[PDB]
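Participant: Structure provided below as structure tokens; questions to follow.
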Amino acid sequence: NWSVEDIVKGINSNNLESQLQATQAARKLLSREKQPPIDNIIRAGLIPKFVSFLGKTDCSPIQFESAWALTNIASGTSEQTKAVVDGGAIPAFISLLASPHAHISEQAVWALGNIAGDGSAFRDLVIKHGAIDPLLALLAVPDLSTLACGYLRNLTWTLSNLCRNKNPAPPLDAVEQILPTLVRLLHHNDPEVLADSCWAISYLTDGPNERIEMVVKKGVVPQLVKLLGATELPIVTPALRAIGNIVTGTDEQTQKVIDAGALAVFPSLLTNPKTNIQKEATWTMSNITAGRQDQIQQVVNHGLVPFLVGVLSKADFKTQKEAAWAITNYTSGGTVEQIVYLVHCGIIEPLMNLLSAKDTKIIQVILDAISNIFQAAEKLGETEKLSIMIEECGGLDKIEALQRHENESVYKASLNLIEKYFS
Amino acid sequence: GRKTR
Amino acid sequence: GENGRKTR
């Protein structure tokens, strides 16, 4: 294990074999588990020499060692990744994508993935240097199963970083050029390829409806719903995120998710032991209950209302907040018959129990839902029968307390129902 | 309406 | 994985 001083001496020797052995020693230092001396190698001015070695086509070993050494530097902080970019490594790594040695080409893919992963600026700069075409050419085979497993996983991960980081979102034509290959990877039989492809789709759908439409037009929703029921949590999490992003779009885009059969997976999703899966599944439900009345009816027909009642009754608090949003959206756009069905499933008591949470937003959300249920009660004439339900389960002496609350929205949204339905 | 997050 | 960078 060399010192940084000895590595500098070997690289400054102008002896190609001495530089190769010094670069390999640098690669081994940067491959330690415990505190790789990335900053020490940067301060020694070694990055420009590593980048120069990337072009030594006659010495492919020294290309590989510097690429690996630069890859570990670019995996560090934003300032350490900037040092790799400032050394001119982006066009050099893009030239390495055409290397006849798979391990060298793969190392270049890895490095560009670390660089693009820093943020939208380096992502777009990697795209401006023209990385997409050679990256895609590496996947231009009729069957992905003929490619090496690790090689395929690294390409999927790097392409996935080219899809990440809004503000700004990736360029439209870049996503356009990337998307057919990404759909191929979304159908590959490897669990890691599937996870990273799902994450990329989730990045691309985390945008305005026009971005969601590009992805939905490629027909990936049925495959996303299929991966939604996988046994691997690393696959379900990005798939559910992508599904949740799509249902934030138009009602027609939400309908494609429903048509693909997504609602049949939610009984297990809404009872998933992983807290974040329950929260994201409930958030997805809140954006489906904000849809049309025929889409709310699909939620009813799949028996999902009792599961919303359960999540509202017992879940992590952030999941219960998403459930309160789901009920408020349900009662805001639902029919009277649908709202009556919600009350018959026992929504009132867990709704009243959450009026004790010190979070001010969920109180406003719950008071909104109670108002919408009372509007359905006025149309039927049972405005008083509902008032007794809220009184019997202790909800009446929780609304009276919200009258003496500091926030001015709950201020009025508590006296209103006292004056109309109880006084 | 839709909560984007 | 959903990590920005991987070290090798």
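Identifiers in the structure tokens: chain A, B, ... in order shown; residue index from 1 per chain; ligand index from 1 in order shown.
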Would you kindly return, as a ChimeraX atom specification, each protein, DNA or RNA residue with an atom no farther than 10 Å from any atom of residue 409 in chain A, considering only C-alpha atoms and excluding same-chain residues fewer than 2 positions away?

Facilitator: /A:360-361,363-364,367,405-407,411-414

Participant: Within 6 Å of chain A, which residues belong to chain C? Use only C-alpha atoms and report them as a ChimeraX atom specification.

Facilitator: /C:4-7

Participant: With 6 Å as the cut-off and only C-alpha atoms counted, what is the closest atom pair between each nearby residue of chain B and chain A? Distances in Å to one decimal, ordered by chain and number, as JSON lines.

Facilitator:
{"residue": "B:1", "atom": "CA", "partner": "A:290", "partner_atom": "CA", "distance": 5.7}
{"residue": "B:2", "atom": "CA", "partner": "A:287", "partner_atom": "CA", "distance": 5.3}
{"residue": "B:4", "atom": "CA", "partner": "A:248", "partner_atom": "CA", "distance": 5.9}

Participant: Name all residues at most 10 Å from residue 169 in chain A (count only C-alpha atoms; drop same-chain ones fewer than 2 positions away) and give them as JSON, numbers by chain.

Facilitator: {"A": [120, 123, 124, 162, 163, 164, 165, 166, 167, 171, 172, 175, 203, 204, 206, 207, 211]}

Participant: Among range 27-271 of chain A, which ones does DSSP assign to helix (DSSP H, G or I) (computed from the backbone)? Answer as number ranges by chain.

Facilitator: A: 27-29, 38-43, 47-54, 60-74, 78-86, 89-96, 102-116, 120-128, 132-137, 144-146, 149-161, 172-186, 191-204, 209-217, 221-227, 233-246, 251-259, 262-269

Participant: Please compute the CA of residue 99 in chain A-CA of residue 64 in chain A distance, one decimal, in Å.

Facilitator: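 Separation between CA of residue 99 in chain A and CA of residue 64 in chain A: 10.4 Å.
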
Participant: What's the 12 Å shell around residue 56 in chain A, counting only C-alpha atoms, without same-chain residues fewer than 2 positions away, as a PyMOL selection string?

Facilitator: chain A and resi 16+19-20+49-54+58-67+92+95-96+99
